[PDB]
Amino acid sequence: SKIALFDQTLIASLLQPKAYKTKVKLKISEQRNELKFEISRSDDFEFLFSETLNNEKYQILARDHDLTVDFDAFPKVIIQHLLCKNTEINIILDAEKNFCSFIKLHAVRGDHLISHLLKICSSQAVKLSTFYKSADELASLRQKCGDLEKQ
């Protein structure tokens, strides 16, 4: 009930009235009524902005930026823009950090932010499953260094 169309880490310019280039993960997906844009940062856990486009909402966005392209072919076109070297991504935040212009994205809070943070916690958890014998194995090799320092 959610299909990823694009999921990748880009270099974006981040303005907030300071400006700095940062790595931003952009995820474009397709889902049922019941198109979604999600941006997040690996260096900032709380930073999370989204927007969900429906046919009606899209018609306004298509009028504003003079897009003749329909709702089904719009993600296909943006996906191709994201591939081009000449494409720039600029993200400008408001004073209250409630919104950001990428399309106007809103700050993701509550349950969606909880899902995001849990995914980080559980990914950072597999970090302890691989790295647990690290400090212990370092002793056997560091002892081998001093014993080989003589030769």
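A residue's number is simply how far along the shown sequence it sits, counting from 1.
Counting the deposited residues that fall between residue 34 and residue 35 and carry no coordinates gives a value of 4 to 9. According to the entry, the stretch of the deposited sequence that connects residue 17 to residue 18 contains 4 to 9 residues lacking coordinates, which leaves a gap of moderate length in the model.
Comparing the deposited coordinates for 111-119 and 48-56, the stretch with the larger average C-alpha B-factor is 48-56. Looking at mean Cα B-factors across 37-45 and 84-92, the upper value is held by 84-92. Residue-level temperature factors show residue 67 in the highest third of its chain, judged at the C-alpha atom.
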